[PDB]
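Written out below as C-alpha cells is the structure these notes cover.
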Protein chains: 8
Amino acid sequence: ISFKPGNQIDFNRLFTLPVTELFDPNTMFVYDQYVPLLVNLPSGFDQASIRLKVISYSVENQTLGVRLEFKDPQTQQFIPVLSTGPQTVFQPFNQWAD
Amino acid sequence: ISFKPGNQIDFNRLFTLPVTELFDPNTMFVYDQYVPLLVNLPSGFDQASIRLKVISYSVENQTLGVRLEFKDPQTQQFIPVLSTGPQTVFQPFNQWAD
Amino acid sequence: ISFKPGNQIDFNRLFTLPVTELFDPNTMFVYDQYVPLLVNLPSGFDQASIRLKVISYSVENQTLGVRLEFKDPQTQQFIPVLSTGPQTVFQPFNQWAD
Amino acid sequence: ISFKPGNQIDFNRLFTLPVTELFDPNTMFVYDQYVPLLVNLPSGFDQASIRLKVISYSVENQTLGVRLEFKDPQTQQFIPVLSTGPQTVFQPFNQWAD
Amino acid sequence: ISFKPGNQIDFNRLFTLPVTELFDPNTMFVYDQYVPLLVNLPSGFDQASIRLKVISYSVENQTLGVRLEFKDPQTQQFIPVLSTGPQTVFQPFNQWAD
Amino acid sequence: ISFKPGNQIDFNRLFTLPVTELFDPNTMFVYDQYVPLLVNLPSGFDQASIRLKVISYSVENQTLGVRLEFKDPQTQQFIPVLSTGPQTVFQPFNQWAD
Amino acid sequence: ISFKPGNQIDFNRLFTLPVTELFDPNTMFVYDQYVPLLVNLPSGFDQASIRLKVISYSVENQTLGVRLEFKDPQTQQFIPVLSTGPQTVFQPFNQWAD
Amino acid sequence: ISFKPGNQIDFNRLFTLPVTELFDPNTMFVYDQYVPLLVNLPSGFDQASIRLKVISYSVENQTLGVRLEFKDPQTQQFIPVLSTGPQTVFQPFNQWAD
Ligand SMILES: [Cl-]
Ligand SMILES: [Cl-]
Ligand SMILES: [Cl-]
Ligand SMILES: [Cl-]
Ligand SMILES: [Cl-]
Ligand SMILES: [Cl-]
Ligand SMILES: [Cl-]
Ligand SMILES: [Cl-]
Ligand code: NA
Ligand code: NA
C-alpha cells in the first residue's frame, strides 16, 4: 500500500566521549579503535599503517591537537609527515555548551 | 559508439529482515553481522569495539530500540555511552504497509 | 527520551514516467523539466544553457538514447558536444520487469 | 601553524516544524517552500513542475502521508503518478519522544 | 592512450572571509548571499523563506552564533524556530592559527 | 603559490570484466572478491555473511540476474531473502556498444 | 518480477570543452554558465555574487589558472579574496592523452 | 544551550607523500598500504585481489602512471585488465607549486 522508509542510525547519534578517553594517557597516542572515528579514512585503508600522536588536548574546549605518523613500507618505522606542534586542532564530537 | 552506464545494486534492494531476526533472543544484543547494517559506521571502524543492546522491539511496527555499548580500551569491559531506556527507536528496513 | 530519526523521501520513490512522456514527440528534445532528472547536474548549473536531443527511445526496454547540446556563450546558438548517433543509451527509471 | 577545520551547519540542526504547519489546511497541499525539505530533489529540478498532496497526517506520530502530482508538459495540468491512498507515509523531522 | 582525470574545485579552497564580513552590522542578519555557505541547504530550497540572525560573533575565534527564522507561509512574517541565545555556535571557515 | 588539486581514481576507470568472469561457472555463485563490486555494501559489513547466486546472465547484454542469500546467525546455514527467479537483473559495468 | 535499476547520467559523460571556450577571451572571466561546472558550489549558492578571473590557461595541458572575486554586499563591487597569480591551477575536464 | 558541531578530519589534510615513496622501487608496484589511497575502492573490497603497477612517475609533476592487475579467482595469477602504457596518469596528492 504505502512506502514507509527505514533508517540507518548515524554513529554520532549514539556515541560521544570526553577527549581524555580518546588516547593512552602515558603514550599520548590515540587508541587504535578511535583513529577511524577522528580521521575520515579512504575505504579499505589499513589503519595499522598510521597512528595519531596527541600533542595537545583541552578539557574545557573538548578539543585535540594531533600529528599523524605513518609506517615507512621499507623500514617499518613510524615516521612523521613532511614540525613541532599539532598538524590539526579540532573538536572531535558535537557539544552542547557555552 | 554509445555509453551505456552500469550499476552497483544498493544492499537495501536485496536484503530485508523481520526485526526479531536481528538480535540474539536470549542475550538481547544485535548479531554482530547486522551492527553495520543498523549503524552508519565510519570507514575502517573496528566493530569488535562496540555492541548494540536491544532495549525494545516492535513486531507490529518493525522497529528496534537500542543502546550502544563500547569497549573501554584499558579494561576491555563494555560500557554504556554517557540512561534506563533506548538511545534510539527506529525502523531498520523499508516497509510497505498500513 | 529516545531519538527517533526522520526521513526525507528520495524523488525516485515517488516519481516514474514512461520514456515516451519524457520528450516533445515533434521536436524530439527532452522537456526542460526532466533534464535535471536524467542528468546529474552540478549544483547551481544554469539549465537554460543545455538541451537533450532524443536520438532513440525504446518502449519495450524503457530506454532513451540522447545527445547533449549546449549554448555557445558568444553566438547563443545550441551546438553539439565535440557524431551521428546517441552519446548515451540508458534506462532513466527503475523497472520491475522481464 | 595548525589547521582548525570549519563547519557548515546541517539544516536539520536548525529547523523543525510540527507536521500541521507543513501544508495548507484547506487545500491539503504541502506549502511550496517545504517540498524540497520533504523530498530529496535532483540538483536543478524545477519545483514548479510538482506538488505534494497530503492524504494523511498524524499529530501523535508526527508523520505525513503524501501523493506526488506533476505538471504534464503539454496540457500544464497536474496529474498523479502511475491509487486511492498515500504513496508514502513518513516522519519528516527527527523527534525525541516515546 | 591514458586517462587523465580532471577536477572541479571545492568552493572552500577559493573563498574565505572574516566573520565580521558575513552579516549586516546594523541589522545583525547574515547577508543573503552567505546563508547557503553557512547552512547546508536541501537541493532546491527557497532561501527567501529563511534568515539567520547573528546573536554572537567572535573576532578572536572566527565563530558566529546564529538563530534561524523562517517565513510563516500564511502570514509571511519571519518567526523563530520552536530561546534567548544562539541555536548554534560554529566556526564557518577553515583557519590556520593558535 | 597556486593550489593544484590531486585525484583519487575511481575503481570503474581501471577495472571491467566480462560477466562470465564474475562467477564460478559450476557453482553459479559470484566469486567472493566481486560481491562488494556488484553490491553497495554498508561500511564495515562482514561479507562472509552473504553470497550472490547467479540465476541468469547475458553475454550479449553484459547483464547478471542475482539472488542474495545470507547466513542465519543461529544455524550458520545460507538462506534466501523473504522466489524462483532473480531479485535483480543489472549491467554491472559501463559498456560502449550498440 | 525482477528489479532492473535505472540510471541518471553524470554530466561529465556528456559534456567536455577545450579550455579556451570556458572564458571570454577579451575580459578573461569564465562565462557565467561554466562557473558551477568549475567550482563545486554549495547548494542554493547565488552565483551572481562571484566571478572567476582567468589568470593563466594552457592549451597543451588543458588547464586553467583562476582567481575568485566576490561581490561585497555593501558596495556591490567585486573584490578579490584575502595575490598576483592564480589561486588554483587545475585541469577542468577529463582528458585522454600523452 | 547552543549546538557546537564537531569535526572528523579528512585524511588529505594530514597525509601527503612524494610520489617516489608510493611504490617499491625495484618491483614497481605501489605498496599495498597506499592502494586504497590512490584508488577509490568500493566499500568492503578485498585489496588482496588487486595490485597497481607503476608504468611511469614524474618527480617534477608529482604524477604516477599506473596499470591495474587483478587476481584471476581460478588460477590465482595476477592478470592485466582487458595495453603497453599506463591506464591512468594522475597527481595523487594536492600540491602548492608552479
Ligand atoms: Cl575530558
Ligand atoms: Cl518480527
Ligand atoms: Cl513508453
Ligand atoms: Cl502537529
Ligand atoms: Cl572578523
Ligand atoms: Cl561474457
Ligand atoms: Cl583549448
Ligand atoms: Cl618524488
Ligand atoms: Na570500509
Ligand atoms: Na541546487
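Within each chain, counting starts at residue 1; across the C-alpha cells, chains are named A, B, ... in the order shown, with ligands numbered 1 upward in that order.
Using only C-alpha atoms, one finds that the residues of chain H close to chain B, at 12 Å or less, are residues 8, 9, 10, 11, 36, 41, 42, 43, 44 and 45 of chain H.
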**Request:** as a PyMOL selection string, list the residues of chain C assigned to alpha helix (DSSP H) by DSSP on the backbone atoms of this structure.
**Result:** chain C and resi 35-38
Store the residues picked out above in a file with N, CA and C atoms, as a PDB file, in the first residue's frame.
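Written output follows (selection13.pdb):
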```
ATOM      1  N   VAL C  35      15.183  17.460 -17.711  1.00  0.00           N
ATOM      2  CA  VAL C  35      16.636  17.422 -17.947  1.00  0.00           C
ATOM      3  C   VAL C  35      17.390  17.159 -16.625  1.00  0.00           C
ATOM      4  N   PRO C  36      17.069  17.826 -15.484  1.00  0.00           N
ATOM      5  CA  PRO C  36      17.790  17.533 -14.231  1.00  0.00           C
ATOM      6  C   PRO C  36      17.519  16.172 -13.650  1.00  0.00           C
ATOM      7  N   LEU C  37      16.450  15.541 -14.100  1.00  0.00           N
ATOM      8  CA  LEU C  37      16.115  14.229 -13.618  1.00  0.00           C
ATOM      9  C   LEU C  37      16.961  13.176 -14.339  1.00  0.00           C
ATOM     10  N   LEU C  38      17.254  13.382 -15.630  1.00  0.00           N
ATOM     11  CA  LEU C  38      18.040  12.468 -16.457  1.00  0.00           C
ATOM     12  C   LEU C  38      19.525  12.621 -16.325  1.00  0.00           C
TER      13      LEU C  38
END
```
**Asked** Excluding same-chain residues fewer than 3 positions from residue 49 (chain C), what lies within 6 Å of it counting only C-alpha atoms, as a ChimeraX atom specification?
**Response** /C:46,70-71
**Item:** Contacts with ligand 1 at most 12 Å, only C-alpha atoms and all ligand atoms counted, listed as a list in words
**Value:**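 Counting only what the definition allows, namely only C-alpha atoms and all ligand atoms, the set is residues 16, 17, 18, 19, 20, 21, 22, 23, 25, 57, 58, 59, 60, 61, 62, 63, 64, 91, 92 and 93 of chain A.
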Expected file: the selected residues, N, CA and C atoms, as a PDB file, in the first residue's frame:
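Written out: result.pdb:
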```
ATOM      1  N   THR A  16      29.595   9.330  21.900  1.00  0.00           N
ATOM      2  CA  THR A  16      30.348  10.530  22.235  1.00  0.00           C
ATOM      3  C   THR A  16      31.300  10.113  23.345  1.00  0.00           C
ATOM      4  N   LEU A  17      32.379  10.865  23.535  1.00  0.00           N
ATOM      5  CA  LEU A  17      33.339  10.542  24.558  1.00  0.00           C
ATOM      6  C   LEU A  17      34.059  11.807  24.962  1.00  0.00           C
ATOM      7  N   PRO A  18      34.375  11.961  26.265  1.00  0.00           N
ATOM      8  CA  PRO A  18      35.267  13.068  26.680  1.00  0.00           C
ATOM      9  C   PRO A  18      36.614  12.892  25.955  1.00  0.00           C
ATOM     10  N   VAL A  19      37.276  13.995  25.557  1.00  0.00           N
ATOM     11  CA  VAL A  19      38.528  13.855  24.790  1.00  0.00           C
ATOM     12  C   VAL A  19      39.620  13.103  25.554  1.00  0.00           C
ATOM     13  N   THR A  20      39.619  13.145  26.912  1.00  0.00           N
ATOM     14  CA  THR A  20      40.655  12.424  27.676  1.00  0.00           C
ATOM     15  C   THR A  20      40.534  10.914  27.529  1.00  0.00           C
ATOM     16  N   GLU A  21      39.367  10.416  27.081  1.00  0.00           N
ATOM     17  CA  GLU A  21      39.182   8.974  26.918  1.00  0.00           C
ATOM     18  C   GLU A  21      39.667   8.491  25.537  1.00  0.00           C
ATOM     19  N   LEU A  22      40.068   9.427  24.650  1.00  0.00           N
ATOM     20  CA  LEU A  22      40.435   9.077  23.277  1.00  0.00           C
ATOM     21  C   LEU A  22      41.823   8.568  23.110  1.00  0.00           C
ATOM     22  N   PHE A  23      42.703   8.799  24.091  1.00  0.00           N
ATOM     23  CA  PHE A  23      44.097   8.446  23.926  1.00  0.00           C
ATOM     24  C   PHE A  23      44.686   7.815  25.145  1.00  0.00           C
ATOM     25  N   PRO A  25      46.901   7.783  28.069  1.00  0.00           N
ATOM     26  CA  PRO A  25      47.461   8.931  28.794  1.00  0.00           C
ATOM     27  C   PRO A  25      48.949   8.880  29.065  1.00  0.00           C
ATOM     28  N   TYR A  57      45.567  18.705  24.176  1.00  0.00           N
ATOM     29  CA  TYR A  57      44.147  18.394  24.332  1.00  0.00           C
ATOM     30  C   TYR A  57      43.562  19.417  25.312  1.00  0.00           C
ATOM     31  N   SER A  58      42.293  19.755  25.149  1.00  0.00           N
ATOM     32  CA  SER A  58      41.652  20.730  26.038  1.00  0.00           C
ATOM     33  C   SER A  58      40.408  20.122  26.631  1.00  0.00           C
ATOM     34  N   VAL A  59      40.361  19.992  27.968  1.00  0.00           N
ATOM     35  CA  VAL A  59      39.187  19.501  28.664  1.00  0.00           C
ATOM     36  C   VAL A  59      38.082  20.556  28.594  1.00  0.00           C
ATOM     37  N   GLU A  60      38.445  21.825  28.753  1.00  0.00           N
ATOM     38  CA  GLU A  60      37.453  22.897  28.711  1.00  0.00           C
ATOM     39  C   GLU A  60      36.754  22.984  27.348  1.00  0.00           C
ATOM     40  N   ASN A  61      37.541  22.885  26.265  1.00  0.00           N
ATOM     41  CA  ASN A  61      37.001  23.054  24.907  1.00  0.00           C
ATOM     42  C   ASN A  61      36.700  21.748  24.195  1.00  0.00           C
ATOM     43  N   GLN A  62      37.063  20.610  24.813  1.00  0.00           N
ATOM     44  CA  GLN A  62      36.827  19.304  24.187  1.00  0.00           C
ATOM     45  C   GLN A  62      37.461  19.247  22.803  1.00  0.00           C
ATOM     46  N   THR A  63      38.730  19.685  22.756  1.00  0.00           N
ATOM     47  CA  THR A  63      39.489  19.620  21.511  1.00  0.00           C
ATOM     48  C   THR A  63      40.722  18.757  21.674  1.00  0.00           C
ATOM     49  N   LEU A  64      41.269  18.277  20.539  1.00  0.00           N
ATOM     50  CA  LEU A  64      42.517  17.516  20.486  1.00  0.00           C
ATOM     51  C   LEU A  64      43.398  18.186  19.430  1.00  0.00           C
ATOM     52  N   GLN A  91      37.616  19.748  17.327  1.00  0.00           N
ATOM     53  CA  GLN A  91      36.696  19.284  18.362  1.00  0.00           C
ATOM     54  C   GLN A  91      36.092  17.987  17.796  1.00  0.00           C
ATOM     55  N   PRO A  92      36.480  16.808  18.310  1.00  0.00           N
ATOM     56  CA  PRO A  92      36.023  15.558  17.681  1.00  0.00           C
ATOM     57  C   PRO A  92      34.526  15.322  17.649  1.00  0.00           C
ATOM     58  N   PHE A  93      33.833  15.704  18.741  1.00  0.00           N
ATOM     59  CA  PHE A  93      32.412  15.395  18.863  1.00  0.00           C
ATOM     60  C   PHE A  93      31.571  16.637  19.010  1.00  0.00           C
TER      61      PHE A  93
END
```
**Asked** Which neighbours of residue 72 (chain H) fall inside 12 Å, counting only C-alpha atoms, when residues of the same chain fewer than 5 positions from it are skipped, and could you give them as a PyMOL selection string?
**Response** (chain F and resi 17+21-24+31-34) or (chain H and resi 48-50+77-81)
Got time to write the residues from that selection, C-alpha atoms, as a PDB file, in the first residue's frame?
```
ATOM      1  CA  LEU F  17      35.258  -7.671 -16.647  1.00  0.00           C
ATOM      2  CA  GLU F  21      34.279 -13.950 -15.312  1.00  0.00           C
ATOM      3  CA  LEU F  22      32.223 -12.757 -12.282  1.00  0.00           C
ATOM      4  CA  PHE F  23      31.037 -16.120 -11.051  1.00  0.00           C
ATOM      5  CA  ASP F  24      32.084 -19.698 -10.527  1.00  0.00           C
ATOM      6  CA  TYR F  31      33.248 -15.007  -6.635  1.00  0.00           C
ATOM      7  CA  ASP F  32      33.701 -13.548  -3.133  1.00  0.00           C
ATOM      8  CA  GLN F  33      36.125 -10.857  -4.397  1.00  0.00           C
ATOM      9  CA  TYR F  34      33.443  -9.360  -6.667  1.00  0.00           C
TER      10      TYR F  34
ATOM     11  CA  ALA H  48      44.483  -8.711  -1.855  1.00  0.00           C
ATOM     12  CA  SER H  49      42.687  -9.279  -5.218  1.00  0.00           C
ATOM     13  CA  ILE H  50      44.408  -6.289  -6.957  1.00  0.00           C
ATOM     14  CA  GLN H  77      47.532 -15.402 -11.126  1.00  0.00           C
ATOM     15  CA  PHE H  78      47.542 -11.581 -11.449  1.00  0.00           C
ATOM     16  CA  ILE H  79      46.335 -10.570 -14.850  1.00  0.00           C
ATOM     17  CA  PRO H  80      46.097  -7.147 -16.566  1.00  0.00           C
ATOM     18  CA  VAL H  81      42.670  -5.574 -17.301  1.00  0.00           C
TER      19      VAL H  81
END
```
**Message:** Residues near residue 86 (chain H), anyone? I mean within 12 Å using only C-alpha atoms, not counting same-chain ones fewer than 3 positions away, as number ranges by chain.
**Reply:** E: 1-4; F: 14; G: 96-98; H: 52-57, 63-69, 80-81, 83, 89-90
Taking N, CA, C and O atoms for each residue, export the selection above as an mmCIF file, in the first residue's frame.
```
data_model
loop_
_atom_site.group_PDB
_atom_site.id
_atom_site.type_symbol
_atom_site.label_atom_id
_atom_site.label_comp_id
_atom_site.auth_asym_id
_atom_site.auth_seq_id
_atom_site.Cartn_x
_atom_site.Cartn_y
_atom_site.Cartn_z
ATOM 1 N N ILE E 1 44.987 7.154 -25.205
ATOM 2 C CA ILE E 1 46.081 6.402 -24.582
ATOM 3 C C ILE E 1 45.867 6.249 -23.060
ATOM 4 O O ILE E 1 45.428 5.180 -22.623
ATOM 5 N N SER E 2 46.116 7.309 -22.267
ATOM 6 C CA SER E 2 45.928 7.243 -20.810
ATOM 7 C C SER E 2 44.858 8.205 -20.355
ATOM 8 O O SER E 2 44.804 9.334 -20.835
ATOM 9 N N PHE E 3 44.073 7.783 -19.368
ATOM 10 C CA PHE E 3 43.051 8.601 -18.728
ATOM 11 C C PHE E 3 43.741 9.575 -17.776
ATOM 12 O O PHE E 3 44.557 9.153 -16.943
ATOM 13 N N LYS E 4 43.409 10.864 -17.893
ATOM 14 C CA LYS E 4 43.992 11.895 -17.034
ATOM 15 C C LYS E 4 42.822 12.598 -16.415
ATOM 16 O O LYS E 4 42.139 13.394 -17.099
ATOM 17 N N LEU F 14 39.455 1.818 -13.973
ATOM 18 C CA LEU F 14 40.560 0.878 -14.109
ATOM 19 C C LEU F 14 40.121 -0.548 -14.303
ATOM 20 O O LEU F 14 40.903 -1.359 -14.815
ATOM 21 N N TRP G 96 42.176 12.307 -22.367
ATOM 22 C CA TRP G 96 42.738 11.021 -22.787
ATOM 23 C C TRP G 96 43.884 11.440 -23.674
ATOM 24 O O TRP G 96 43.665 11.902 -24.793
ATOM 25 N N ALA G 97 45.090 11.437 -23.119
ATOM 26 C CA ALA G 97 46.246 11.991 -23.820
ATOM 27 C C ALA G 97 47.582 11.483 -23.306
ATOM 28 O O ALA G 97 47.633 10.583 -22.468
ATOM 29 N N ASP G 98 48.663 12.103 -23.823
ATOM 30 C CA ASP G 98 50.084 11.872 -23.552
ATOM 31 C C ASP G 98 50.551 12.678 -22.343
ATOM 32 O O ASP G 98 51.110 12.114 -21.404
ATOM 33 N N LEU H 52 48.729 -2.461 -8.214
ATOM 34 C CA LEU H 52 48.910 -1.352 -9.156
ATOM 35 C C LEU H 52 50.327 -1.298 -9.610
ATOM 36 O O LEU H 52 51.219 -1.105 -8.794
ATOM 37 N N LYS H 53 50.554 -1.486 -10.906
ATOM 38 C CA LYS H 53 51.879 -1.415 -11.475
ATOM 39 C C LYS H 53 52.168 0.021 -11.851
ATOM 40 O O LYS H 53 51.359 0.666 -12.531
ATOM 41 N N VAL H 54 53.310 0.527 -11.420
ATOM 42 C CA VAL H 54 53.732 1.884 -11.792
ATOM 43 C C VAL H 54 54.474 1.767 -13.117
ATOM 44 O O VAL H 54 55.541 1.119 -13.215
ATOM 45 N N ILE H 55 53.877 2.373 -14.151
ATOM 46 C CA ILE H 55 54.447 2.352 -15.506
ATOM 47 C C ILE H 55 55.296 3.606 -15.707
ATOM 48 O O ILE H 55 56.319 3.581 -16.405
ATOM 49 N N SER H 56 54.870 4.708 -15.095
ATOM 50 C CA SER H 56 55.602 5.953 -15.199
ATOM 51 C C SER H 56 55.428 6.709 -13.902
ATOM 52 O O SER H 56 54.499 6.448 -13.149
ATOM 53 N N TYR H 57 56.377 7.615 -13.608
ATOM 54 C CA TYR H 57 56.193 8.527 -12.481
ATOM 55 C C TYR H 57 56.990 9.800 -12.791
ATOM 56 O O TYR H 57 57.967 9.742 -13.554
ATOM 57 N N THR H 63 53.348 13.126 -10.419
ATOM 58 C CA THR H 63 52.322 12.266 -11.000
ATOM 59 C C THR H 63 52.787 10.827 -11.052
ATOM 60 O O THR H 63 53.984 10.551 -10.953
ATOM 61 N N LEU H 64 51.823 9.891 -11.165
ATOM 62 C CA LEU H 64 52.082 8.462 -11.335
ATOM 63 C C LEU H 64 51.257 8.005 -12.540
ATOM 64 O O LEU H 64 50.127 8.483 -12.731
ATOM 65 N N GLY H 65 51.803 7.053 -13.313
ATOM 66 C CA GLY H 65 51.089 6.387 -14.391
ATOM 67 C C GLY H 65 50.987 4.936 -13.967
ATOM 68 O O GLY H 65 52.015 4.301 -13.709
ATOM 69 N N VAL H 66 49.759 4.426 -13.784
ATOM 70 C CA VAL H 66 49.559 3.069 -13.275
ATOM 71 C C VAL H 66 48.692 2.219 -14.177
ATOM 72 O O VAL H 66 47.884 2.737 -14.961
ATOM 73 N N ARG H 67 48.833 0.917 -13.986
ATOM 74 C CA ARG H 67 48.066 -0.142 -14.651
ATOM 75 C C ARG H 67 47.558 -1.029 -13.523
ATOM 76 O O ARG H 67 48.360 -1.406 -12.675
ATOM 77 N N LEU H 68 46.282 -1.384 -13.529
ATOM 78 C CA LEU H 68 45.725 -2.282 -12.522
ATOM 79 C C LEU H 68 45.833 -3.733 -12.985
ATOM 80 O O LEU H 68 45.679 -4.038 -14.170
ATOM 81 N N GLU H 69 46.158 -4.615 -12.046
ATOM 82 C CA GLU H 69 46.185 -6.058 -12.282
ATOM 83 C C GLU H 69 45.284 -6.657 -11.229
ATOM 84 O O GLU H 69 45.202 -6.149 -10.112
ATOM 85 N N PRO H 80 46.475 -8.532 -16.246
ATOM 86 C CA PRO H 80 46.097 -7.147 -16.566
ATOM 87 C C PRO H 80 44.634 -7.050 -16.999
ATOM 88 O O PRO H 80 44.028 -8.055 -17.382
ATOM 89 N N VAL H 81 44.055 -5.841 -16.907
ATOM 90 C CA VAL H 81 42.670 -5.574 -17.301
ATOM 91 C C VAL H 81 42.581 -5.470 -18.839
ATOM 92 O O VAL H 81 43.480 -4.898 -19.459
ATOM 93 N N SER H 83 47.178 -1.752 -22.323
ATOM 94 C CA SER H 83 47.917 -2.337 -23.437
ATOM 95 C C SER H 83 49.428 -2.367 -23.140
ATOM 96 O O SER H 83 49.896 -3.331 -22.529
ATOM 97 N N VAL H 89 47.162 8.429 -15.775
ATOM 98 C CA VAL H 89 48.265 9.275 -15.310
ATOM 99 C C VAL H 89 47.586 10.332 -14.473
ATOM 100 O O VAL H 89 46.679 11.022 -14.953
ATOM 101 N N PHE H 90 47.967 10.436 -13.204
ATOM 102 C CA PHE H 90 47.309 11.346 -12.284
ATOM 103 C C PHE H 90 48.265 11.877 -11.237
ATOM 104 O O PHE H 90 49.343 11.294 -10.999
#
```
